[PDB]
Number of protein chains: 2
Amino acid sequence: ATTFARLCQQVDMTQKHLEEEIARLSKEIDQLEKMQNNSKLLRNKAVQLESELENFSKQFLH
Amino acid sequence: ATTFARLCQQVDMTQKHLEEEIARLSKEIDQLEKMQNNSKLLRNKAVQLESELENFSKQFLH
């Protein structure tokens with residue numbers, strides 16, 4: 001009924017919402033770090049493969 | 001017709017494929033860096049908002 005209780009509830013709901021937001025965003029951030037690391041892996045593989053191609057070429061086409 | 005020409009073509013197709021792979025992955029990596037930076041922004045906002053909530057609370061509920 002009181003301003004105090006009204007505020008206690010508002011603050012509690014807001015706290016819960018922020019905590020969930022922060023928890024979800026942290027998880028999502030982790031997932032995105034992983035997708036980025038994976039893409040670098042694939043990209044690095046492709047660059048290695050490309051330098052192997054050039055070694056092959058310098059030997060058999062030049 | 002010759003082994004040489006057959007290999008020239010294979011190497012050329014493979015080079016093109018690797019270049020596109022590397023180009024696409026770089027773009028995707030950039031996009032993922034951006035999504036991650038954005039998530040940190042939102043997450044930081046939420047943490048700031050949370051410490052503002054606690055200041056509000058320490059003043060009006062304690």
# chains A, B, ... in the order shown; residues from 1 in each chain; ligands from 1

$ closest_atom_pairs --of "chain A" --to "chain B" --cutoff "9 Å" --atoms "only C-alpha atoms" --output "Markdown table"
| residue | atom | partner | partner_atom | distance |
| --- | --- | --- | --- | --- |
| A:4 | CA | B:61 | CA | 7.1 |
| A:7 | CA | B:61 | CA | 8.1 |
| A:8 | CA | B:61 | CA | 7.3 |
| A:11 | CA | B:53 | CA | 7.1 |
| A:14 | CA | B:53 | CA | 8.0 |
| A:15 | CA | B:50 | CA | 6.9 |
| A:18 | CA | B:46 | CA | 6.0 |
| A:19 | CA | B:50 | CA | 8.3 |
| A:21 | CA | B:46 | CA | 7.2 |
| A:22 | CA | B:43 | CA | 5.6 |
| A:23 | CA | B:43 | CA | 8.8 |
| A:25 | CA | B:43 | CA | 6.0 |
| A:26 | CA | B:43 | CA | 7.4 |
| A:28 | CA | B:39 | CA | 7.7 |
| A:29 | CA | B:36 | CA | 5.8 |
| A:30 | CA | B:36 | CA | 8.7 |
| A:32 | CA | B:36 | CA | 6.1 |
| A:33 | CA | B:36 | CA | 7.2 |
| A:35 | CA | B:32 | CA | 7.5 |
| A:36 | CA | B:29 | CA | 5.8 |
| A:37 | CA | B:29 | CA | 8.6 |
| A:39 | CA | B:25 | CA | 6.2 |
| A:40 | CA | B:29 | CA | 7.3 |
| A:42 | CA | B:25 | CA | 7.7 |
| A:43 | CA | B:22 | CA | 5.6 |
| A:44 | CA | B:22 | CA | 8.4 |
| A:46 | CA | B:18 | CA | 6.0 |
| A:47 | CA | B:22 | CA | 7.2 |
| A:49 | CA | B:18 | CA | 7.8 |
| A:50 | CA | B:18 | CA | 6.5 |
| A:53 | CA | B:11 | CA | 7.1 |
| A:54 | CA | B:11 | CA | 8.7 |
| A:56 | CA | B:11 | CA | 8.8 |
| A:57 | CA | B:11 | CA | 7.4 |
| A:60 | CA | B:4 | CA | 7.9 |
| A:61 | CA | B:4 | CA | 7.1 |

$ write_last_selection --atoms "C-alpha atoms" --output "compact mmCIF listing (two decimals), in the first residue's frame"
# COMPACT_ATOMS: atom_id res chain seq x y z
CA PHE A 4 7.83 2.23 0.42
CA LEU A 7 9.02 1.09 -4.52
CA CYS A 8 10.22 -2.20 -3.00
CA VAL A 11 12.97 -2.15 -7.50
CA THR A 14 13.66 -4.10 -12.14
CA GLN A 15 16.48 -5.97 -10.41
CA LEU A 18 18.38 -6.57 -15.24
CA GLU A 19 19.88 -9.81 -13.85
CA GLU A 21 19.27 -9.37 -19.21
CA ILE A 22 22.86 -9.51 -18.04
CA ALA A 23 22.82 -13.30 -17.80
CA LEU A 25 23.74 -11.23 -22.85
CA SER A 26 26.75 -12.92 -21.26
CA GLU A 28 25.08 -14.69 -26.09
CA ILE A 29 28.46 -12.96 -25.93
CA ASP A 30 30.12 -16.32 -25.27
CA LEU A 32 29.34 -15.06 -30.49
CA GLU A 33 32.98 -15.33 -29.33
CA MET A 35 31.32 -18.39 -33.69
CA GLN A 36 34.03 -15.82 -34.28
CA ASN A 37 36.86 -18.14 -33.17
CA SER A 39 35.26 -18.55 -38.37
CA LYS A 40 38.91 -17.65 -37.84
CA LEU A 42 37.97 -21.93 -41.08
CA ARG A 43 39.53 -18.79 -42.49
CA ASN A 44 42.99 -19.86 -41.31
CA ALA A 46 41.58 -21.75 -46.13
CA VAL A 47 44.68 -19.50 -46.03
CA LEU A 49 45.21 -24.47 -48.10
CA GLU A 50 45.89 -21.47 -50.34
CA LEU A 53 48.11 -24.52 -53.55
CA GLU A 54 50.81 -21.97 -54.41
CA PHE A 56 51.97 -26.98 -55.65
CA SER A 57 51.73 -24.47 -58.43
CA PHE A 60 54.14 -28.06 -61.22
CA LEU A 61 53.22 -24.94 -63.23

$ atom_distance --atom1 "CA of residue 52 (chain B)" --atom2 "CA of residue 2 (chain A)"
22.4 Å

$ atom_distance --atom1 "CA of residue 3 (chain B)" --atom2 "CA of residue 58 (chain A)"
15.4 Å

$ decode --residues "region 22-59 of chain A" --atoms "N, CA and C atoms" --output "compact mmCIF listing (two decimals), in the first residue's frame"
# COMPACT_ATOMS: atom_id res chain seq x y z
N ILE A 22 21.42 -9.34 -18.16
CA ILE A 22 22.86 -9.51 -18.04
C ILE A 22 23.30 -10.96 -18.20
N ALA A 23 22.48 -11.88 -17.71
CA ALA A 23 22.82 -13.30 -17.80
C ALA A 23 22.71 -13.75 -19.24
N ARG A 24 21.61 -13.38 -19.90
CA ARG A 24 21.39 -13.76 -21.29
C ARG A 24 22.44 -13.17 -22.24
N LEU A 25 22.76 -11.91 -22.03
CA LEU A 25 23.74 -11.23 -22.85
C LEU A 25 25.12 -11.85 -22.70
N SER A 26 25.45 -12.29 -21.49
CA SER A 26 26.75 -12.92 -21.26
C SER A 26 26.85 -14.23 -22.03
N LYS A 27 25.77 -15.00 -22.00
CA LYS A 27 25.72 -16.27 -22.69
C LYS A 27 25.85 -16.00 -24.19
N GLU A 28 25.05 -15.06 -24.68
CA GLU A 28 25.08 -14.69 -26.09
C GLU A 28 26.46 -14.20 -26.54
N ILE A 29 27.14 -13.49 -25.65
CA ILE A 29 28.46 -12.96 -25.93
C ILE A 29 29.44 -14.12 -26.08
N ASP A 30 29.29 -15.12 -25.22
CA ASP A 30 30.12 -16.32 -25.27
C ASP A 30 29.89 -17.04 -26.59
N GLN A 31 28.62 -17.21 -26.95
CA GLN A 31 28.27 -17.88 -28.19
C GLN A 31 28.86 -17.17 -29.40
N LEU A 32 28.81 -15.84 -29.39
CA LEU A 32 29.34 -15.06 -30.49
C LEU A 32 30.87 -15.11 -30.53
N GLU A 33 31.52 -15.20 -29.37
CA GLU A 33 32.98 -15.33 -29.33
C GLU A 33 33.36 -16.66 -30.01
N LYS A 34 32.62 -17.71 -29.68
CA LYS A 34 32.84 -19.02 -30.21
C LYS A 34 32.67 -19.04 -31.75
N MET A 35 31.58 -18.46 -32.25
CA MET A 35 31.32 -18.39 -33.69
C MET A 35 32.44 -17.61 -34.37
N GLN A 36 32.97 -16.61 -33.69
CA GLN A 36 34.03 -15.82 -34.28
C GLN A 36 35.34 -16.62 -34.33
N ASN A 37 35.65 -17.34 -33.25
CA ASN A 37 36.86 -18.14 -33.17
C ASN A 37 36.80 -19.25 -34.23
N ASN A 38 35.62 -19.83 -34.40
CA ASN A 38 35.41 -20.87 -35.38
C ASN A 38 35.61 -20.35 -36.80
N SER A 39 35.15 -19.13 -37.05
CA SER A 39 35.26 -18.55 -38.37
C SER A 39 36.73 -18.27 -38.67
N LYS A 40 37.49 -17.92 -37.65
CA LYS A 40 38.91 -17.65 -37.84
C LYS A 40 39.66 -18.95 -38.15
N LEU A 41 39.17 -20.03 -37.57
CA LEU A 41 39.72 -21.35 -37.77
C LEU A 41 39.52 -21.71 -39.24
N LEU A 42 38.28 -21.61 -39.70
CA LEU A 42 37.97 -21.93 -41.08
C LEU A 42 38.76 -21.03 -42.01
N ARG A 43 38.81 -19.75 -41.68
CA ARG A 43 39.53 -18.79 -42.49
C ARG A 43 41.03 -19.09 -42.51
N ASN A 44 41.57 -19.51 -41.38
CA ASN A 44 42.99 -19.86 -41.31
C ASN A 44 43.28 -21.13 -42.12
N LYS A 45 42.35 -22.07 -42.08
CA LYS A 45 42.48 -23.32 -42.80
C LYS A 45 42.59 -22.98 -44.29
N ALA A 46 41.63 -22.19 -44.75
CA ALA A 46 41.58 -21.75 -46.13
C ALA A 46 42.87 -21.02 -46.56
N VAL A 47 43.45 -20.21 -45.68
CA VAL A 47 44.68 -19.50 -46.03
C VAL A 47 45.85 -20.50 -46.16
N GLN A 48 45.89 -21.51 -45.28
CA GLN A 48 46.91 -22.54 -45.29
C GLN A 48 46.79 -23.33 -46.61
N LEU A 49 45.56 -23.74 -46.90
CA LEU A 49 45.21 -24.47 -48.10
C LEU A 49 45.66 -23.65 -49.32
N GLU A 50 45.50 -22.34 -49.24
CA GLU A 50 45.89 -21.47 -50.34
C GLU A 50 47.40 -21.41 -50.50
N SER A 51 48.13 -21.41 -49.40
CA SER A 51 49.57 -21.37 -49.56
C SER A 51 50.09 -22.75 -50.01
N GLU A 52 49.35 -23.81 -49.72
CA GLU A 52 49.75 -25.14 -50.16
C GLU A 52 49.53 -25.19 -51.68
N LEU A 53 48.43 -24.60 -52.13
CA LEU A 53 48.11 -24.52 -53.55
C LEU A 53 49.25 -23.82 -54.30
N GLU A 54 49.74 -22.71 -53.76
CA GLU A 54 50.81 -21.97 -54.41
C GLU A 54 52.12 -22.77 -54.42
N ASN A 55 52.35 -23.59 -53.41
CA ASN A 55 53.56 -24.38 -53.41
C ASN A 55 53.45 -25.43 -54.51
N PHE A 56 52.25 -25.98 -54.65
CA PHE A 56 51.97 -26.98 -55.65
C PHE A 56 52.18 -26.38 -57.04
N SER A 57 51.64 -25.19 -57.19
CA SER A 57 51.73 -24.47 -58.43
C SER A 57 53.17 -24.06 -58.78
N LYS A 58 53.92 -23.57 -57.80
CA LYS A 58 55.28 -23.16 -58.12
C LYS A 58 56.10 -24.36 -58.54
N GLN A 59 55.73 -25.55 -58.08
CA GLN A 59 56.46 -26.74 -58.46
C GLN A 59 55.99 -27.35 -59.80
